[PDB]
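Participant: Pasting a structure here, questions to come.
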Amino acid sequence: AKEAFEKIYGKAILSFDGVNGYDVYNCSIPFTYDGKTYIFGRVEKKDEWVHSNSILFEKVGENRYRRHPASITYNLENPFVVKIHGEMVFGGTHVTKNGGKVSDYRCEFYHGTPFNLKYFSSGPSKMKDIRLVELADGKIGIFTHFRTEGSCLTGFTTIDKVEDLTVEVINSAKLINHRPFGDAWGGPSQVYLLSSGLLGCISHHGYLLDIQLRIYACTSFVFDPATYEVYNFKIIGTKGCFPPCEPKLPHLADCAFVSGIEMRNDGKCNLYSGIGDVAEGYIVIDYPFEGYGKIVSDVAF
Amino acid sequence: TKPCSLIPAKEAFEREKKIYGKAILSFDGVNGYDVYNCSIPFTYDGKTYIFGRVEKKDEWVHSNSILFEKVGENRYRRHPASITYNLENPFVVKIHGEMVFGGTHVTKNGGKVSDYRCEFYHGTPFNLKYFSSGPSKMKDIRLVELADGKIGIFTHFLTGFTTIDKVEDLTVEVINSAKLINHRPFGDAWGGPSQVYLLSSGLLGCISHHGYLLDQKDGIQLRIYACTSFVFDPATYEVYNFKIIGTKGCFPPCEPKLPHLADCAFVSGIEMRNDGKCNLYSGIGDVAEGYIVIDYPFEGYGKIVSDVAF
Ligand SMILES: OC[C@H]1O[C@@H](O[C@H]2[C@@H](O)[C@H](O)[C@@H](CO)O[C@@H]2O)[C@@H](O)[C@@H](O)[C@@H]1O
Ligand SMILES: OC[C@H]1O[C@@H](O[C@H]2[C@@H](O)[C@H](O)[C@@H](CO)O[C@@H]2O)[C@@H](O)[C@@H](O)[C@@H]1O
């Protein structure tokens, strides 16, 4: 609601080459494959709305990524990755239009190796916020976000195998205790298995500050799959924490759309976020799940 | 019982056809994947291009559409600058001075196909912008710029036809309200529009796919696809000159993706040659793209005046 978060140990905006100067934002977390670092980016012209594609970028230098020409691209917004049963699960939002107007959107899921991803399922109509994680016992955890009916409710369910991911499973997910989130809307960008067996969630939450301001903040919480309880909900980042950048339009002046965290050698983490729907940056923050266990999941493909 | 009405015409075509040449296209830069069910070739900025459906031979419904630049005779390579499209069966047309690009976007549920619709993009060939989808489970939607500057739309429910003023006006509602064309020439064949051309007469030259299920005495069931053409009067919805113009056996040999596709040619369209004949491009056996050199199929109804010179 009104927290008192406004310590950062460093910050940067990433540079992206090979996309004709287009904006790149709302990225996946970085991942490794075959001795290199990669990231998926949402690529869009600054002056175009709902004209995104998701592109695979290879890290080529400090804070610098270049489109990898071998990879196919995906007709998707807000790409994301996770490791399930030793392979990549990749997703994003596929937008349908009717005569230029958005009419539908759904999450599309791919699995395989990073240069050989195969489409296997979509989530339900008008559900953007779906994230997967491998649980300690090898089941697959699924976070869902029920947004269509004016409500903003988060669900959680499990499946045994990734090709069991269906509309029916997602739609029937049991609701989590959402009372910690208050009037915020959103959900996880990246979910992590912790050494405790709990799940560390790095999430995006939106608020109207009261005419209103739209705020999109980087948040975290810890989730217990055994009880459906939520712990330690907090704000961990805002757009003002990142280096300045002119937002895509003025109404996005307080918009950070989180990507996720990466652990550092020094025990702190890089919090990656889309900012202003124009850029990707990171801030260096304290480990947000401190006391609930260390991250044991990885994106080392 | 009720053998498809098209079988006699298919058999007669195989007896009576005139083929002046043939080739299978070669594709570089897709890791040995199959490339089939292409767009027609087009030109842009002094080069020749074609969009291809790219899929591993032993994978079903795992396609992407890739832009290929022409390297040499019958040879194309993936153009690395282009984005790729998560689509089957890509196609192009020129409308109001720009490219309209389309293909089929497949939705799955737990690995199983649950839906598919045509997605449309517009712009220049390396800068295509998504603007609309057709209705659920309608693959074969084709556009053409009419003699009067309106946009003609062919639909498949039975083939329908309707018009719009500007490409942004292409909606599910417009497509679903299309009036049915004269069905009587087509009989009981399954089929759909492929590339549509404006003719100098103001009529439309339509390249189409038509086919049927064939049970074989001892053999397995084939899904025949043949390359067909007809001429269409947009004022009356009348169809002229419906005929077969290509079959898989006309093209160079290629082992089909699965045995039921041993007589599947899924047409792409025609390209005029300097000698007044045409290259008929087709997907063959869902594994390759080829062309056969044929007589101009709209002979007597006017010259093609539409273009894909972008
Ligand atoms: O713009 C802030 C925030 O809003 C949501 O997406 C918007 C836009 O990015 C997207 O093209 C359309 C259609 O899907 O929806 C929203 O207008 C978020 O999901 C996120 O993308 C964005 O940062
Ligand atoms: O396979 C013959 C012919 O059939 C249709 O497509 C098939 C297949 O290629 C496609 O992946 C799926 C899902 O759309 O549908 C059909 O099984 C045609 O549309 C054409 O693509 C193909 O040559």
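Ordered as shown in the structure tokens, chains take letters A, B, and onward, while each chain numbers its residues from 1 and ligands are numbered from 1 in the order shown.
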Excluding stretch 37-53 of chain B and any residue of its chain fewer than 2 positions from it, enumerate the residues within 9 Å of it, using only C-alpha atoms, and give them as a compact mmCIF listing (two decimals) with C-alpha atoms, in the first residue's frame.
Facilitator:
```txt
# COMPACT_ATOMS: atom_id res chain seq x y z
CA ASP B 34 12.64 -29.43 -44.05
CA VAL B 35 11.24 -26.30 -45.76
CA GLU B 55 10.09 -28.00 -39.54
CA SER B 63 6.92 -25.10 -37.52
CA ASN B 64 8.25 -21.57 -37.80
CA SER B 65 8.12 -19.31 -40.87
CA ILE B 66 11.51 -17.93 -41.96
CA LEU B 67 12.48 -15.38 -44.65
CA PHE B 68 15.00 -16.79 -47.20
CA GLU B 69 17.07 -14.72 -49.65
CA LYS B 70 17.80 -16.23 -53.09
CA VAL B 71 21.47 -17.43 -53.40
CA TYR B 76 17.73 -19.90 -50.90
CA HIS B 79 18.26 -14.13 -44.06
CA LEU B 87 3.40 -19.68 -38.05
CA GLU B 88 2.66 -22.41 -40.60
CA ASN B 89 2.14 -21.95 -44.34
CA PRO B 90 3.35 -18.36 -44.87
CA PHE B 91 1.90 -16.22 -47.69
CA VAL B 92 2.36 -12.69 -49.10
CA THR B 124 7.90 -3.80 -45.60
CA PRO B 125 9.46 -7.28 -45.76
CA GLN B 195 -2.54 -16.88 -54.07
CA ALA B 265 1.00 -31.03 -53.35
CA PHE B 266 0.01 -28.01 -51.17
CA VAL B 267 0.19 -25.14 -53.68
CA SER B 268 2.10 -21.85 -53.05
CA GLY B 269 1.26 -19.94 -56.28
CA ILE B 270 2.54 -18.90 -59.71
CA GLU B 271 5.33 -16.68 -61.05
CA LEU B 280 3.90 -23.20 -60.25
CA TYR B 281 5.39 -23.36 -56.73
CA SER B 282 4.04 -25.99 -54.32
CA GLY B 283 4.84 -27.67 -51.06
CA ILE B 284 5.27 -31.39 -51.83
CA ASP B 286 5.03 -31.73 -46.48
CA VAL B 287 8.86 -32.13 -46.89
CA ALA B 288 9.99 -29.90 -49.79
CA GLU B 289 9.19 -26.97 -52.07
CA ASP B 307 2.72 -7.72 -58.45
CA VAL B 308 4.93 -8.79 -55.50
CA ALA B 309 7.70 -6.29 -56.44
CA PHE B 310 8.13 -4.58 -53.02
```
Participant: As an MDAnalysis selection string, could you give me every residue of chain B near chain A (at most 8 Å apart, counting only C-alpha atoms)?
Facilitator: chainID B and resid 62 80:81 83:86 107:112 129:134 168:172
Participant: From the list B:120, B:212, B:232, B:13, which residue is nearest ligand 2 when using only C-alpha atoms and all ligand atoms?
Facilitator: B:212
Participant: With only C-alpha atoms and all ligand atoms counted, collect every polymer residue having an atom within 8 Å of ligand 1; state the result as a count of residues only.
Facilitator: 22
Participant: If you measure from atom CA of residue A:132 to atom CA of residue A:262, what distance in Å do you get, rounded to one decimal?
Facilitator: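 Taking atom CA of residue A:132 as the start and atom CA of residue A:262 as the end point, the length is 17.3 Å.
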Participant: Go through stretch 154-301 of chain B and collect every residue that DSSP, computed from the backbone, puts in strand (DSSP E or B); the answer should be as a PyMOL selection string.
Facilitator: chain B and resi 154-156+159-164+179-180+190-199+204-214+222-233+238-246+264-272+278-284+288-294
Participant: Those same residues - C-alpha atoms - I'd like them written as a PDB file, in the first residue's frame.
Facilitator:
```pdb
ATOM      1  CA  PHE B 154     -11.507 -15.051 -49.796  1.00  0.00           C
ATOM      2  CA  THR B 155     -12.683 -17.141 -46.806  1.00  0.00           C
ATOM      3  CA  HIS B 156     -13.221 -20.893 -46.213  1.00  0.00           C
ATOM      4  CA  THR B 159     -15.391 -20.521 -50.064  1.00  0.00           C
ATOM      5  CA  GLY B 160     -16.713 -16.983 -49.319  1.00  0.00           C
ATOM      6  CA  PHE B 161     -15.777 -13.518 -50.667  1.00  0.00           C
ATOM      7  CA  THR B 162     -16.122  -9.985 -49.231  1.00  0.00           C
ATOM      8  CA  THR B 163     -14.447  -6.540 -49.539  1.00  0.00           C
ATOM      9  CA  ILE B 164     -13.022  -3.861 -47.192  1.00  0.00           C
ATOM     10  CA  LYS B 179     -21.091 -14.156 -49.035  1.00  0.00           C
ATOM     11  CA  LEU B 180     -20.551 -17.716 -50.487  1.00  0.00           C
ATOM     12  CA  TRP B 190     -12.137 -30.076 -49.747  1.00  0.00           C
ATOM     13  CA  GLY B 191     -10.138 -26.957 -50.560  1.00  0.00           C
ATOM     14  CA  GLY B 192      -9.197 -23.384 -50.071  1.00  0.00           C
ATOM     15  CA  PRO B 193      -7.819 -20.220 -51.618  1.00  0.00           C
ATOM     16  CA  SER B 194      -4.095 -19.832 -52.224  1.00  0.00           C
ATOM     17  CA  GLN B 195      -2.541 -16.875 -54.074  1.00  0.00           C
ATOM     18  CA  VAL B 196      -5.025 -14.467 -55.739  1.00  0.00           C
ATOM     19  CA  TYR B 197      -4.062 -12.214 -58.679  1.00  0.00           C
ATOM     20  CA  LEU B 198      -5.772  -9.241 -60.298  1.00  0.00           C
ATOM     21  CA  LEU B 199      -6.169  -9.737 -64.088  1.00  0.00           C
ATOM     22  CA  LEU B 204      -9.451 -12.407 -60.234  1.00  0.00           C
ATOM     23  CA  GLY B 205      -7.114 -15.315 -61.032  1.00  0.00           C
ATOM     24  CA  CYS B 206      -7.273 -17.732 -58.050  1.00  0.00           C
ATOM     25  CA  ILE B 207      -4.669 -20.442 -57.370  1.00  0.00           C
ATOM     26  CA  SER B 208      -6.231 -22.936 -54.930  1.00  0.00           C
ATOM     27  CA  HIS B 209      -5.732 -26.321 -53.244  1.00  0.00           C
ATOM     28  CA  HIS B 210      -8.406 -29.023 -53.611  1.00  0.00           C
ATOM     29  CA  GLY B 211      -8.411 -32.638 -52.505  1.00  0.00           C
ATOM     30  CA  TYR B 212     -10.080 -35.585 -50.832  1.00  0.00           C
ATOM     31  CA  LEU B 213      -9.528 -38.818 -48.886  1.00  0.00           C
ATOM     32  CA  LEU B 214      -8.697 -41.858 -51.075  1.00  0.00           C
ATOM     33  CA  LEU B 222      -4.227 -40.947 -48.745  1.00  0.00           C
ATOM     34  CA  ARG B 223      -5.099 -37.258 -48.219  1.00  0.00           C
ATOM     35  CA  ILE B 224      -4.814 -36.003 -51.851  1.00  0.00           C
ATOM     36  CA  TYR B 225      -3.971 -32.308 -52.311  1.00  0.00           C
ATOM     37  CA  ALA B 226      -3.876 -31.058 -55.929  1.00  0.00           C
ATOM     38  CA  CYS B 227      -2.929 -27.575 -57.226  1.00  0.00           C
ATOM     39  CA  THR B 228      -6.020 -25.956 -58.856  1.00  0.00           C
ATOM     40  CA  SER B 229      -6.985 -22.617 -60.417  1.00  0.00           C
ATOM     41  CA  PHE B 230     -10.143 -20.705 -61.306  1.00  0.00           C
ATOM     42  CA  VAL B 231     -11.166 -17.202 -62.426  1.00  0.00           C
ATOM     43  CA  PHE B 232     -13.591 -15.251 -60.223  1.00  0.00           C
ATOM     44  CA  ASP B 233     -15.908 -12.305 -61.029  1.00  0.00           C
ATOM     45  CA  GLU B 238     -19.306 -16.403 -60.586  1.00  0.00           C
ATOM     46  CA  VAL B 239     -16.449 -18.939 -61.077  1.00  0.00           C
ATOM     47  CA  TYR B 240     -14.925 -19.737 -64.529  1.00  0.00           C
ATOM     48  CA  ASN B 241     -12.285 -22.163 -65.825  1.00  0.00           C
ATOM     49  CA  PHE B 242     -11.912 -24.373 -62.655  1.00  0.00           C
ATOM     50  CA  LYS B 243      -9.140 -26.885 -63.325  1.00  0.00           C
ATOM     51  CA  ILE B 244      -6.280 -28.987 -61.952  1.00  0.00           C
ATOM     52  CA  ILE B 245      -2.851 -27.432 -62.771  1.00  0.00           C
ATOM     53  CA  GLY B 246      -0.470 -29.561 -60.637  1.00  0.00           C
ATOM     54  CA  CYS B 264       0.040 -34.209 -51.437  1.00  0.00           C
ATOM     55  CA  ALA B 265       1.004 -31.028 -53.346  1.00  0.00           C
ATOM     56  CA  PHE B 266       0.006 -28.009 -51.173  1.00  0.00           C
ATOM     57  CA  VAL B 267       0.189 -25.135 -53.675  1.00  0.00           C
ATOM     58  CA  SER B 268       2.104 -21.850 -53.046  1.00  0.00           C
ATOM     59  CA  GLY B 269       1.260 -19.940 -56.277  1.00  0.00           C
ATOM     60  CA  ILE B 270       2.545 -18.898 -59.713  1.00  0.00           C
ATOM     61  CA  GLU B 271       5.330 -16.684 -61.050  1.00  0.00           C
ATOM     62  CA  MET B 272       5.213 -15.456 -64.696  1.00  0.00           C
ATOM     63  CA  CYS B 278       4.503 -19.892 -65.315  1.00  0.00           C
ATOM     64  CA  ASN B 279       6.480 -21.461 -62.464  1.00  0.00           C
ATOM     65  CA  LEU B 280       3.895 -23.199 -60.247  1.00  0.00           C
ATOM     66  CA  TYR B 281       5.390 -23.359 -56.731  1.00  0.00           C
ATOM     67  CA  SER B 282       4.044 -25.992 -54.323  1.00  0.00           C
ATOM     68  CA  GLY B 283       4.843 -27.668 -51.057  1.00  0.00           C
ATOM     69  CA  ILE B 284       5.275 -31.393 -51.835  1.00  0.00           C
ATOM     70  CA  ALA B 288       9.991 -29.905 -49.792  1.00  0.00           C
ATOM     71  CA  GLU B 289       9.190 -26.965 -52.066  1.00  0.00           C
ATOM     72  CA  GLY B 290       9.333 -27.370 -55.847  1.00  0.00           C
ATOM     73  CA  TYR B 291       8.003 -25.825 -59.026  1.00  0.00           C
ATOM     74  CA  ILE B 292       6.745 -27.139 -62.333  1.00  0.00           C
ATOM     75  CA  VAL B 293       6.718 -25.047 -65.532  1.00  0.00           C
ATOM     76  CA  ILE B 294       3.114 -24.940 -66.818  1.00  0.00           C
TER      77      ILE B 294
END
```
Participant: Could you go through stretch 76-306 of chain B and tell me which residues DSSP, when run on the backbone, assigns to helix (DSSP H, G or I), listing them as a PyMOL selection string?
Facilitator: chain B and resi 167-169+172-176+184-186+248-250+259-261
Participant: Since we have the selection now, will you write its residues out, keeping C-alpha atoms, as a PDB file, in the first residue's frame?
Facilitator:
```
ATOM      1  CA  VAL B 167      -6.340  -3.394 -44.407  1.00  0.00           C
ATOM      2  CA  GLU B 168      -6.979  -2.397 -40.674  1.00  0.00           C
ATOM      3  CA  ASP B 169     -10.687  -3.195 -41.364  1.00  0.00           C
ATOM      4  CA  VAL B 172     -13.422 -11.678 -37.561  1.00  0.00           C
ATOM      5  CA  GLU B 173     -16.856 -10.024 -38.140  1.00  0.00           C
ATOM      6  CA  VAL B 174     -16.070  -9.042 -41.787  1.00  0.00           C
ATOM      7  CA  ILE B 175     -14.587 -12.481 -42.572  1.00  0.00           C
ATOM      8  CA  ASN B 176     -17.497 -14.420 -40.944  1.00  0.00           C
ATOM      9  CA  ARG B 184     -20.966 -25.843 -58.170  1.00  0.00           C
ATOM     10  CA  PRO B 185     -17.650 -26.089 -60.168  1.00  0.00           C
ATOM     11  CA  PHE B 186     -15.791 -27.492 -57.073  1.00  0.00           C
ATOM     12  CA  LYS B 248       2.705 -34.183 -56.512  1.00  0.00           C
ATOM     13  CA  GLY B 249       3.745 -36.724 -59.228  1.00  0.00           C
ATOM     14  CA  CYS B 250       4.506 -33.788 -61.627  1.00  0.00           C
ATOM     15  CA  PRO B 259       2.843 -42.233 -46.067  1.00  0.00           C
ATOM     16  CA  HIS B 260      -0.685 -40.633 -46.212  1.00  0.00           C
ATOM     17  CA  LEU B 261       0.947 -37.592 -47.979  1.00  0.00           C
TER      18      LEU B 261
END
```
Participant: Distance atom CA of residue B:126-atom CA of residue A:21, one decimal place?
Facilitator: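 These atoms are spaced 14.3 Å apart.
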Participant: Could you list, as a list in words, every residue within 8 Å of stretch 144-147 of chain B, counting only C-alpha atoms and ignoring same-chain residues fewer than 4 positions away?
Facilitator: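 Counting only C-alpha atoms, the residues come to residues 93, 94, 95, 96, 151, 152, 153, 196, 197, 198, 202 and 306 of chain B.
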Participant: When you look at stretch 200-207 of chain A with a cut-off of 7 Å (counting only C-alpha atoms), what residues show up, excluding the ones that are within fewer than 5 positions of it in the same chain? I need them as a PDB file with C-alpha atoms, in the first residue's frame.
Facilitator:
```pdb
ATOM      1  CA  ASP A 183      -4.768  -3.797  -3.245  1.00  0.00           C
ATOM      2  CA  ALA A 184      -1.717  -4.562  -5.506  1.00  0.00           C
ATOM      3  CA  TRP A 185      -2.204  -6.484  -8.826  1.00  0.00           C
ATOM      4  CA  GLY A 186       0.513  -8.668 -10.493  1.00  0.00           C
ATOM      5  CA  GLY A 187       2.496 -11.819  -9.640  1.00  0.00           C
ATOM      6  CA  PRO A 188       5.863 -13.564  -9.996  1.00  0.00           C
ATOM      7  CA  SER A 189       8.302 -12.885 -12.849  1.00  0.00           C
ATOM      8  CA  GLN A 190      10.687 -15.543 -11.514  1.00  0.00           C
ATOM      9  CA  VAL A 191      10.216 -18.290  -8.918  1.00  0.00           C
ATOM     10  CA  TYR A 192      13.129 -19.983  -7.116  1.00  0.00           C
ATOM     11  CA  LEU A 193      13.337 -23.183  -5.096  1.00  0.00           C
ATOM     12  CA  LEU A 194      15.040 -22.452  -1.734  1.00  0.00           C
ATOM     13  CA  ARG A 214       0.106   4.175 -11.706  1.00  0.00           C
ATOM     14  CA  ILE A 215       3.001   2.530  -9.744  1.00  0.00           C
ATOM     15  CA  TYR A 216       4.599  -0.781 -10.862  1.00  0.00           C
ATOM     16  CA  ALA A 217       7.089  -1.925  -8.150  1.00  0.00           C
ATOM     17  CA  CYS A 218       9.545  -4.844  -7.894  1.00  0.00           C
ATOM     18  CA  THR A 219       8.383  -7.063  -4.967  1.00  0.00           C
ATOM     19  CA  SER A 220       9.324 -10.376  -3.313  1.00  0.00           C
ATOM     20  CA  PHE A 221       7.613 -12.952  -1.130  1.00  0.00           C
ATOM     21  CA  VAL A 222       8.207 -16.508   0.101  1.00  0.00           C
ATOM     22  CA  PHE A 223       5.523 -19.161  -0.519  1.00  0.00           C
ATOM     23  CA  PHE A 257       8.379  -4.592 -14.488  1.00  0.00           C
ATOM     24  CA  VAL A 258      10.699  -6.974 -12.685  1.00  0.00           C
ATOM     25  CA  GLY A 260      14.247 -11.550 -11.499  1.00  0.00           C
ATOM     26  CA  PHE A 289      14.722 -14.292   0.893  1.00  0.00           C
TER      27      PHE A 289
END
```
Participant: Set the distance at 7 Å and use only C-alpha atoms: which residues neighbour residue A:139 once local chain neighbours fewer than 6 positions away are removed? I'd like the list as a list in words.
Facilitator: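 Residues near the query, excluding close chain neighbours: residues 158, 159 and 160 of chain A.
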Participant: Would you list the contacts of stretch 88-90 of chain A as a JSON list (two decimals) with N, CA and C atoms, in the first residue's frame, taking every protein, DNA or RNA residue within 9 Å and counting only C-alpha atoms, but skipping same-chain residues closer than 3 positions in sequence?
Facilitator:
```
[["chain", "number", "residue", "atom", "x", "y", "z"],
["A", 79, "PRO", "N", 9.16, -12.12, -22.24],
["A", 79, "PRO", "CA", 9.68, -13.48, -22.24],
["A", 79, "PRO", "C", 10.23, -13.86, -20.85],
["A", 80, "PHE", "N", 10.19, -15.15, -20.56],
["A", 80, "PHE", "CA", 10.69, -15.67, -19.27],
["A", 80, "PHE", "C", 11.17, -17.10, -19.44],
["A", 81, "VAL", "N", 12.12, -17.50, -18.60],
["A", 81, "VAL", "CA", 12.73, -18.85, -18.64],
["A", 81, "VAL", "C", 12.74, -19.42, -17.23],
["A", 82, "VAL", "N", 12.78, -20.74, -17.19],
["A", 82, "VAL", "CA", 12.98, -21.50, -15.93],
["A", 82, "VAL", "C", 13.52, -22.88, -16.33],
["A", 83, "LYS", "N", 14.25, -23.52, -15.42],
["A", 83, "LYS", "CA", 14.69, -24.91, -15.64],
["A", 83, "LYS", "C", 13.71, -25.87, -14.99],
["A", 84, "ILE", "N", 13.19, -26.81, -15.78],
["A", 84, "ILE", "CA", 12.31, -27.92, -15.31],
["A", 84, "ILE", "C", 12.87, -29.25, -15.83],
["A", 85, "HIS", "N", 13.15, -30.18, -14.92],
["A", 85, "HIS", "CA", 13.56, -31.56, -15.27],
["A", 85, "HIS", "C", 14.71, -31.51, -16.28],
["A", 108, "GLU", "N", 2.17, -18.50, -23.92],
["A", 108, "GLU", "CA", 2.62, -19.65, -24.73],
["A", 108, "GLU", "C", 3.89, -20.20, -24.10],
["A", 109, "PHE", "N", 3.97, -21.53, -24.03],
["A", 109, "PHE", "CA", 5.09, -22.26, -23.42],
["A", 109, "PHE", "C", 5.78, -23.14, -24.44],
["A", 110, "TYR", "N", 7.11, -23.10, -24.38],
["A", 110, "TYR", "CA", 8.06, -23.87, -25.20],
["A", 110, "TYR", "C", 8.94, -24.65, -24.23],
["A", 111, "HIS", "N", 9.45, -25.79, -24.66],
["A", 111, "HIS", "CA", 10.48, -26.51, -23.90],
["A", 111, "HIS", "C", 11.55, -27.06, -24.83],
["A", 112, "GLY", "N", 12.72, -27.30, -24.27],
["A", 112, "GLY", "CA", 13.85, -27.88, -24.99],
["A", 112, "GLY", "C", 15.16, -27.28, -24.53],
["A", 113, "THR", "N", 16.09, -27.13, -25.45],
["A", 113, "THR", "CA", 17.38, -26.45, -25.24],
["A", 113, "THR", "C", 17.24, -25.05, -25.82],
["A", 114, "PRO", "N", 18.06, -24.09, -25.36],
["A", 114, "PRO", "CA", 17.84, -22.68, -25.69],
["A", 114, "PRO", "C", 17.80, -22.34, -27.19],
["A", 117, "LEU", "N", 13.84, -24.75, -29.07],
["A", 117, "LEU", "CA", 12.63, -24.68, -28.22],
["A", 117, "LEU", "C", 11.40, -25.08, -29.04],
["A", 119, "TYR", "N", 7.16, -25.49, -29.03],
["A", 119, "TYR", "CA", 5.88, -25.00, -28.49],
["A", 119, "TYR", "C", 5.02, -26.19, -28.07],
["A", 132, "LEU", "N", 6.33, -21.06, -13.75],
["A", 132, "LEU", "CA", 6.62, -22.45, -13.34],
["A", 132, "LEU", "C", 7.86, -22.46, -12.44],
["A", 162, "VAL", "N", 5.87, -31.59, -17.68],
["A", 162, "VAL", "CA", 5.56, -30.25, -18.23],
["A", 162, "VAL", "C", 4.45, -30.36, -19.29],
["A", 299, "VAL", "N", 19.61, -21.59, -13.58],
["A", 299, "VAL", "CA", 19.35, -21.44, -15.04],
["A", 299, "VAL", "C", 20.66, -21.68, -15.78],
["A", 301, "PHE", "N", 21.98, -24.02, -18.17],
["A", 301, "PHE", "CA", 21.57, -25.01, -19.20],
["A", 301, "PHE", "C", 22.81, -25.60, -19.88]]
```
Participant: Leaving out residue A:259 and any residue of its chain fewer than 4 positions from it, which residues lie within 6 Å of it when counting only C-alpha atoms, given as a short mmCIF file (atom, residue, chain, number, x, y, z; two decimals) with N, CA and C atoms, in the first residue's frame?
Facilitator:
```
data_model
loop_
_atom_site.label_atom_id
_atom_site.label_comp_id
_atom_site.auth_asym_id
_atom_site.auth_seq_id
_atom_site.Cartn_x
_atom_site.Cartn_y
_atom_site.Cartn_z
N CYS A 27 12.82 -8.17 -19.79
CA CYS A 27 13.62 -9.34 -20.20
C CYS A 27 13.33 -10.55 -19.31
N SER A 28 13.75 -11.71 -19.77
CA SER A 28 13.96 -12.88 -18.90
C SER A 28 15.07 -12.53 -17.91
N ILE A 29 15.32 -13.39 -16.92
CA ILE A 29 16.63 -13.30 -16.22
C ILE A 29 17.70 -13.78 -17.19
N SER A 189 7.53 -12.86 -11.58
CA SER A 189 8.30 -12.89 -12.85
C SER A 189 9.21 -14.11 -12.84
N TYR A 272 17.21 -7.62 -11.81
CA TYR A 272 16.93 -7.18 -13.20
C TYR A 272 15.46 -6.77 -13.30
N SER A 273 15.22 -5.68 -14.03
CA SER A 273 13.86 -5.16 -14.26
C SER A 273 13.78 -4.45 -15.61
#
```
